[PDB]
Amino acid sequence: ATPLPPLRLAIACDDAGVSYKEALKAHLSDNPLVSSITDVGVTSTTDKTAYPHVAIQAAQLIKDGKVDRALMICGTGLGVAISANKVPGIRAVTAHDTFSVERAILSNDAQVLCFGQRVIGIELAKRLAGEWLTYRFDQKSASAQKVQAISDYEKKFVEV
């Protein structure tokens, strides 16, 4: 069935990302490269919970080994990416083109992909999310040494 192992995903959004979230969730449920989707929420546009909370929660699922990656939607995709990058060991991007989406994995080993619902169209979002799943980072690559410099910097800090 699948040449590549399926990934476990978290999906998450703020009130501005609800509709693309549901369409993307349905689209990805049909994909054999996805073995599970955990919905962090929000579930409704009335829910005014701020983007940092949701982004940090979804990133914590990755940190705890409960999912492999997270797909995050807000107005622009910016706030959730900033917030997820604040979690030690988590690398997050907003990527709105096919080349960036490939490099987000192959160069940056980024576990979190963020979209701006108000900025890109749904079919492009679906296409990008689908392609994202087909790339797997090489830990022995030249790119991994650069990622290691980010991790080296993160070693400056401890949680108190």
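Throughout, we count residues from 1 along the sequence that is shown.
Stretches 54 to 62 and 95 to 103 differ in mean CA B factor, with 54 to 62 having the higher one. Stretches 20 to 28 and 5 to 13 differ in mean C-alpha B factor, with the higher average recorded for 20 to 28. Out of 109, 123, 68, 47, the entry records its largest CA B-factor for 47. The entry lists a Cα temperature factor for residue 40 that places it in the highest third of the chain's modelled residues.
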